[PDB]
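K.L.:
Here is my input, please return the structure:
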Amino acid sequence: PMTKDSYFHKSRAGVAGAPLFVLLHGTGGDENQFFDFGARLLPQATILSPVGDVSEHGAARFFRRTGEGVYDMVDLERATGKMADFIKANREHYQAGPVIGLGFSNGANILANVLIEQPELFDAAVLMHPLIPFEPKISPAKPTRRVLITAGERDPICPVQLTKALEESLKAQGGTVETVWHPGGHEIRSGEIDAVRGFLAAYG
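P.N.:
Numbers count the residues shown, from 1 in each chain. Provided below are the atomic coordinates:
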């Protein structure tokens, strides 16, 4: 490999100075899950969509859970470090401006940890049904950071209290944080997609 090529991924070269839009699929998805979704969203962002590097007999993800589902913290740290680099490296390559990310479930989770470990990398992030189990140590982000969390209130995978708590954690780094709830489960509602559209409209 090379360094911006560190994940296998789809890409659509955008205008110089325009956002780097990185989108991260859920467990079981891949590089085409979110690609055109976000091409459509930021008509001229440079767009970047990797397939995760862990395979869970078949289903691809961005970091390892043990059997019966508990996150592997060494692998998560490994993957967070890989993502960060991958993003910085493509920033260079396309001469992109703001970095924006969007993730669903497992993908919002790797993205959330980046928000935590590199608090100053992202300008905007949308977390779709995140699950963060631990309590993040808090480092300050950029006052312009904007984050959107979308969540289900009967999501058997994402306990309300943990979403509510991730919310406050990010909110303490600085920037804004907005959570849009729906009754209902792990599914993305059309209402979530709306809020996504309204949220990223500030960026182009």
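K.L.:
so what's the residue nearest to residue 145 when sequence neighbours are not counted up against?
P.N.:
For residue 145, ignoring the flanking residues on the chain, the nearest one in space by CB to CB, 6 or more residues apart in numbering is residue 175 at 3.0 Å. Using the backbone N, CA and C atoms, a C-beta is placed for each residue, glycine as well. Residues near residue 175 by CB atoms under 8 Å, 6 or more residues apart in numbering: 141-147.
K.L.:
Looking at those, which are in strands?
P.N.:
146-147 (DSSP state E).
K.L.:
Pipe the contacts of residue 175 into TSV and attach neighbour count and distance to residue 200 per row.
P.N.:
Listed next are these as TSV, based on neighbours: other CB atoms under 10 Å; distance: CB to CB, whole Å:
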residue	neighbour count	distance to residue 200
141	23	18
142	14	17
143	8	19
144	11	14
145	21	14
146	20	9
147	26	12
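K.L.:
of all the contacts of residue 175, which comes closest to residue 69?
P.N.:
residue 147 (25.2 Å; CB to CB).
K.L.:
what's near enough to touch that closest one?
P.N.:
Contacts of residue 147 by CB under 8 Å, 6+ apart are 115, 124-127, 170, 175-178.
K.L.:
wait, doesn't residue 196 sit right on residue 125?
P.N.:
No. The criterion here is CB atoms under 8 Å, and residue 196 misses it with residue 125 at 11.3 Å.
K.L.:
which one of those two has more residues nearby?
P.N.:
residue 125 (28 against 20; other CB atoms under 10 Å).
K.L.:
just to revisit the earlier point, mutual contacts of residue 196 and residue 125, please.
P.N.:
Shared contacts of residue 196 and residue 125, counting by CB under 8 Å, 6+ apart, come down to 102, 148.
K.L.:
Most widely separated two among the contacts of residue 175?
P.N.:
143 and 147, at 12.8 Å, using CB to CB across these.
K.L.:
that older thread, in CSV: the contacts of residue 175, plus distance to residue 162.
P.N.:
As requested, the contacts of residue 175 are arranged in CSV below (distance: CB to CB, whole Å):
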residue, distance to residue 162
141, 20
142, 25
143, 26
144, 26
145, 21
146, 21
147, 16
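K.L.:
and residue 127, what helix or strand is that in?
P.N.:
Residue 127 is located in strand 124-128, with elements delineated by DSSP states H and E.
K.L.:
what comes up buried for that strand?
P.N.:
The neighbour-count check on strand 124-128 (16 or more other CB atoms under 10 Å) flags 124-128 as buried.
K.L.:
same thing with stretch 196-204?
P.N.:
Quick answer for stretch 196-204 (16+ other CB under 10 Å): 196, 199-200, 203-204.
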